[PDB]
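I have a structure I would like to understand better, so I am pasting it below and will then ask my questions one at a time.
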Amino acid sequence: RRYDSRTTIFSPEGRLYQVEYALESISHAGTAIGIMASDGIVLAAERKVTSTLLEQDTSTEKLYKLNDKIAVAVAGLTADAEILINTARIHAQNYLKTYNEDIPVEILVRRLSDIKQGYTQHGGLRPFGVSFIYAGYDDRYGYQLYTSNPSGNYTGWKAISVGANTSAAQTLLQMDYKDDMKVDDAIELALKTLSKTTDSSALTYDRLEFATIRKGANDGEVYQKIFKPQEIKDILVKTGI
Amino acid sequence: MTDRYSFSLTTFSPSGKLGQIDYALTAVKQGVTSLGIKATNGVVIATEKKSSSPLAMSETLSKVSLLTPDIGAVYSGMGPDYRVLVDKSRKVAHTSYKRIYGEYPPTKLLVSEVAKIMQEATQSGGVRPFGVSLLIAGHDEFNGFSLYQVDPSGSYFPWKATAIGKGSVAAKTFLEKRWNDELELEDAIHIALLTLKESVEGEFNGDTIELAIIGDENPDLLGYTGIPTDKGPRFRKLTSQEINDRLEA
Amino acid sequence: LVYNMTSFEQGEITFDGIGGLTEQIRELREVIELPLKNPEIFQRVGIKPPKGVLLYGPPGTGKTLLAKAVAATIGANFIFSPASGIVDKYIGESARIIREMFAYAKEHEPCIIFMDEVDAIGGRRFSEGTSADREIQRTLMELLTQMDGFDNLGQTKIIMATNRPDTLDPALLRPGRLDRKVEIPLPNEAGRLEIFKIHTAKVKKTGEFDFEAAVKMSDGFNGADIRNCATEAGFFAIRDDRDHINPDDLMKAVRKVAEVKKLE
Amino acid sequence: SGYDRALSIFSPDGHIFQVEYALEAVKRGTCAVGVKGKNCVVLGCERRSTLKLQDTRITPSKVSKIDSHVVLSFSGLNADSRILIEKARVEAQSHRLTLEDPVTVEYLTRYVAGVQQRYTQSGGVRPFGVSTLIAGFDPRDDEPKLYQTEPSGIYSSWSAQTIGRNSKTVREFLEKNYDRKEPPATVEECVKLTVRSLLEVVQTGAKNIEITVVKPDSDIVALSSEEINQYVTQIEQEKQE
Amino acid sequence: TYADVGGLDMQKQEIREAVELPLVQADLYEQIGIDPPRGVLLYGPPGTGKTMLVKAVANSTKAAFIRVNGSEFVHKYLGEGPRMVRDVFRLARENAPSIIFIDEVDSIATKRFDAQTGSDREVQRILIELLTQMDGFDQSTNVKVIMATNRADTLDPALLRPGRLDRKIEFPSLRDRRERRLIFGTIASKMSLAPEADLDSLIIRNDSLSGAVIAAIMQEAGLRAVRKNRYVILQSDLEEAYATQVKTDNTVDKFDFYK
Amino acid sequence: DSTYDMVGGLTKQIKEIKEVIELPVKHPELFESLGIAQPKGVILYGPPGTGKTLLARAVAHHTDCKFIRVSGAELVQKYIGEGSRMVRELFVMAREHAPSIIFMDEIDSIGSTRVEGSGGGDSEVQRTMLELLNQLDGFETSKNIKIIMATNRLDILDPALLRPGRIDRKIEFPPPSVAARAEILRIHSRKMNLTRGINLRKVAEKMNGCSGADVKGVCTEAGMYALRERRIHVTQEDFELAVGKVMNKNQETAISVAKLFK
Amino acid sequence: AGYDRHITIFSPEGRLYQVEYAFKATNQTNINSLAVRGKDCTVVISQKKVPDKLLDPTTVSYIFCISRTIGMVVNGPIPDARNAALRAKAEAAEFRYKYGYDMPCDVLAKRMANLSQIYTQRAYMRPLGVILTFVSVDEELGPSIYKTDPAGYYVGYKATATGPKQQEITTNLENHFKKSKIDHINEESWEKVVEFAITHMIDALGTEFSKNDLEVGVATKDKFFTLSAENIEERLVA
């Protein structure tokens, strides 16, 4: 008798073996990276498959969007990931029409995480196996960068990653990072990690996508830029793969 | 040689995968072949049929079905988990998008709805998924043509040219060797047949298959003429006599 | 001897002193007797003689009395290997027994097998205990290679009796051998008196005849029914120490003992 | 056996299992100490110094106030701790609403335990893998008090207590030093009492700690990182040899 | 034999040089200076004609030869399996130069999962009886192995590398018309058939076939006619036969199972 | 037998083996002067086709001690309670020759982790060699005996085996770097022929880290693409031909489009 | 091992087992019926077995005239059949009252089969162990047969059969259609089509019959109905 058949059971060792068996699911997923720096936040991606007769060109997979301010990166299951963002895109607007202003990023994840806890105990139901990254900007705290975990606990990081072989990629980030980077120090950094801890030697433009947040709006709020292929195949050759 | 975790679908193994959705797909293979190709002006879909008793009027059943005048579909897998799926689908095209946006959906906001019909199966235990995997073809004024796929796990891809069922790996190998990124329509039909030649048994005529296409307007189908912009469909399936002659080449 | 009777090739039970069939038994006349009689043609065509047969259907048909009987006509050694009585819980030692008999059959010059209840081999594998079901094919698969390897003999024939055909669908083992698969009958009402004529013989009974017997034999169409009715109808003329049967005991017998032969 | 894979059955010894297995989970968490002087309360924490990529702009915080005269501290796991903190602060501001009167601390403490009793009794539910404690002052009085809570759903009133790693070292320690024969008076000895109490676990890391105290008249005050760094030294100043 | 085999125009070549050529011509391998290979492997679905090719090689080897199908290894009393396996390879090197055949190993050659049993744990160390012999401290230059399997994608990679299986070979599928025309001409020509010879009417069909089904149809067609009190020839009305070789219709689980 | 010139591919590992083996035998006086311990046998894990067994046949060629072998599962036996007897009658044969290395190629057949539902005599004879290495009389046996075992993946086993006190080092044999892969070509090629205007590093850098033994397969096979044509000598393009081929099929079944995730 | 005592579990090879048991649980009656079209009509026969001698034979019937212009002949045990025939006698109120006109047969099979599909996704009910055959005379497409099943694979056969003697009847029927190369049958008179049917099937399996051992259904336009022992000698009269 071992304690895994249901997620409503502590172990005698004091642990919930089903939840660990969800936090391991993301290891099957694809890499995701974010960096926080001076001018604005950046993100990366890596599609799990990069075959021929399916277009990942116009069809974004790892980089959805939640508002003109906030954008995320996603991992894990796909059917249990859309409904989260299709809840987040609601909760924000249901914070706007009542309070007539934008969302603080901390409240969203605080409200998006504590439902995953809801799918951890009350009922014999699956916990949503997903490890989002949150990227956005609020005034009471400036730039921001959070991270989730299908348990329901978050963390405000500076620059981290998830997915396949992040444990090594962190080591390629822990020691070769500088807070005073503007943007492109993080870029050649970011794209250098994925180049190191991949599965195959392609690194084709289809295999990965980027994104950005920027406060370049001159006293306007913020801009985004989710790069088409023509903006990222030109930069890696402009960076020296 | 699997045990203790395919029993249900709400217990992640230590390896970190769900139980029997992986095994639903095992039937999807064991169903008949299928395919669909994206041209620069149209999209095609095709399946055979190994009608068990020849006495059956094979015309009655239809692998292909309607969703809109502009969108059509086909499976490769279990049958009776299709003919209900479509009514559960086109019912959503009306109540979801149409009656609160006036006109018919694009393809992806009609495919995303299909998924939410699917994932509601894999939510609890002792309630199985659908033993099928679909592909959808349509057109719009925003981005035009598209060819998507749908799996029982809720996921939905796009594609450019594909096959599924038995002749899946063999066909998709041939398509990579008999495809171009800037071809035309009619040669696509000249492919799908000889692609469908790959894993065929019995006959090959126009009676023992059913394939459809989409393309330019076909206002002869309309019947409600007298209006400038009340334009007709972009969907029609080809008659056996319209196919049995094309086969002659 | 150790295992089985082997019939000394001559113990001559009557394959025709029986209310069975003529078509099937003549269908078997082809695959066995014709080559062993007449090799001048299979030689002339060069086709090798046939590889075994299946005889489906549930009991009462006499699907084992004909077998050793026709074997007695040609004169081969008749033995058993009931798969229910061949399985052993150990990992091997279900396949060893297979290996003994193909060898030991060849220790004798001719020999033919009668497997029965062979569904124990051909299981659906619905449990899927890989510690077991990985071995179930292991012993089964050994049969497939032990049976037709280098054996170019015309003496070692094979039979497999299998009630419940098509319960096996792990493998139907169709292609190649099983050159026949006889469409077995049941005892038709016409065959009743064809059968009752068999066992009634060797009796002094004032006849004991009737047409009220197939109606009694209706739905009790199994050979044990007739063997036993003639048994117990024989035990009722002695129930009063009489001298010869009356046919009412037959009309009493089958009516009053096919009961167990229709309810359980 | 099999008597321990549910919440609605008794072993033949009479005791349920899934609850006190929670007490094995909470043992795997960080320290949380509390002491009351004559007129001021304190609270501690075994904060971690994990890595140089969490934003120093936002340190984490075990502690979380619910109203200006009550606080709360815990240990165990954070997700299931986030809920009842929000069901608490909600419940307090309701008591101000309905009754035009703040909350007696005992009333609050029986609401958090009033949920830890149902979330084990009615099955279809997992408990809250957390122990907590309450700290503060009643309105219109200086009466100090702290209460403990645990997932069995019972509320006690210790004067000093801890929860988690090597608590067994500490709950015996303060018994050897703290005592009602001489109740402390003000902050600098309640803190000089406490900062030394942590030392069984802290292994000499001062980037691994935070602290708070309590006011009458519905106030609080947090504390700095140098304002302990001296207290790191007076406590070591006695440790000359 | 070789000439009894049909369309193995490619596969027939690789083994009759990986087996025969060395013992007849090895000085030229080392005339470069390399070590030749030791093991091969023959993986393709059943009926594709693998187990019979070695039997052709058996007729023409002028070496020794050993037949052990994979089920023969196991017994109930543990420990005896491997010594039987050790008894093999010592017998080989004794009667050298020799080679070995196995007709199935998928009951053995597997992935070596994490076992928790005796059964699944004792099968593994049988496999270890091979590995420590095929490459350990004690090896030789006379043995070669002819493995076999109906399919090869699961047996562990530690068995699949050079030194062990330097040259493994594929087999065709069941839908490749060229050899199909070559088989009917082969098998039929070995005996006497009709002038009305509609065999260029059967090849063209889209159906998939083996080398095993062909032995069935052409035999059981030779059955129906010889059954007709006839003497030699097989009538062009064997249309019963081809359609009699439709076993998919005889599978209710392929008729009324999934739906 | 083979030798140390042939096990090229590394030096850091092999320079750690006789750190424990050759020194105590020849020179324990410093180590008795320093007088601290006596480091006993060693384990070496790595994926297959990497040179594990190869180093162990070489070392016997370069040892001066007696070198006992047990191949895969020649200790597990039919009757009961003599597998142990087959063990304790081993070491007593060692101590006759006080300097005595032993070798056992693989342990995952024997020393797998224990359970009760199955696994009998094997989980017993492991439970006495585990005694012999570090027991009372094992302290006697602990004097001069040294041990080498070469698994493939060690998470399977107990810790008690690889527990220190008897296993003081746990060596990794990973798949190599470019120059390591590059040299062993020559170690499997120098016999070949006056290879004509050739490079071999430009091809190793093509084939990323696969294994070592595979490289013995390309070289022997490359000559074979030259052996057919009576072309005794060797080509360049035959190499990047073969190495580009024999790993393709290894990259053939790795694909899958299940994709229930992202 | 599981996989069999539950419906909604796939085997690893794809095929589930529980419905396949119900596909097999139809023929516990040892009954075999037959249907065949006409030129404007359609007929259905049915073998009978009333061995015990205390059953009023008039009421034993695997026929249920659900409404006008519809018919149905069942296999599987009788009680499940009533539990299906009821739902048919319920919808034909609704489709009339809700959409205006009478149900065609094809919809009525399509609708009914979706219901038995829904009991292969959840444990509301078990699946009925029936396989049933509707007949009618359509106002647009003409006569029609449809062959339902438990899981829900319905199709329209030109003239089909059922029972444990399908292979046999599957043999001789199609032999008939290829002697003329037509799907339906000529010779309008629904009476005379019975004489075609019964003689086509006695010789099939080889047993002569009485009048008190069959039951028949006839599908003319404007009505469907059943008949007693009239016209029980013309098959032998000539």
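Letters are used for the chains, namely A, B, C, D, E, F and G, taken in the order the chains are written, and counting of residues starts over at 1 for each.
Rule of thumb we're sticking to: contacts are C-beta pairs under 8 Å (C-beta built on N, C-alpha and C of every residue); 3 or more make two chains touch, one makes a residue touch a chain.
Geometrically, the chain at the heart of the complex, using CA-atom means, is B. Chains joined by the most contact pairs: E-F.
Put simply, the C-alpha centre of chain A and that of chain D have 33 angstrom between them. Our note on geometry: chain D versus chain G, Cα centroid distance of 74 Å, whole angstroms.
In terms of their C-alpha centroids, the spacing between chain B and chain C amounts to 53 Å.
Shared contact sites, meaning residues of chain F that touch two or more other chains, fall at 259-260. Multi-chain contact residues, meaning those touching two or more other chains, occur in chain A at positions 25, 28, 78, 124.
Shared interface positions of chain D, i.e. residues touching 2 or more other chains, are not present. Against chain B, in their complex, chain E makes its touches with residues 113, 206-208, 255, 258-259. For chain E in complex with chain G, the residues that touch the partner chain are 253, 256-259. Residue ranges on chain B touching chain C, taken from their complex, read 1, 3. Residue ranges on chain C touching chain B, taken from their complex, read 128, 130, 134. Looking at the complex, you find that chain A touches chain D at residues 1, 3, 7-16, 36, 110, 113-114, 117, 120-124, 141, 145, 151-153, 155-160, 174, 177.
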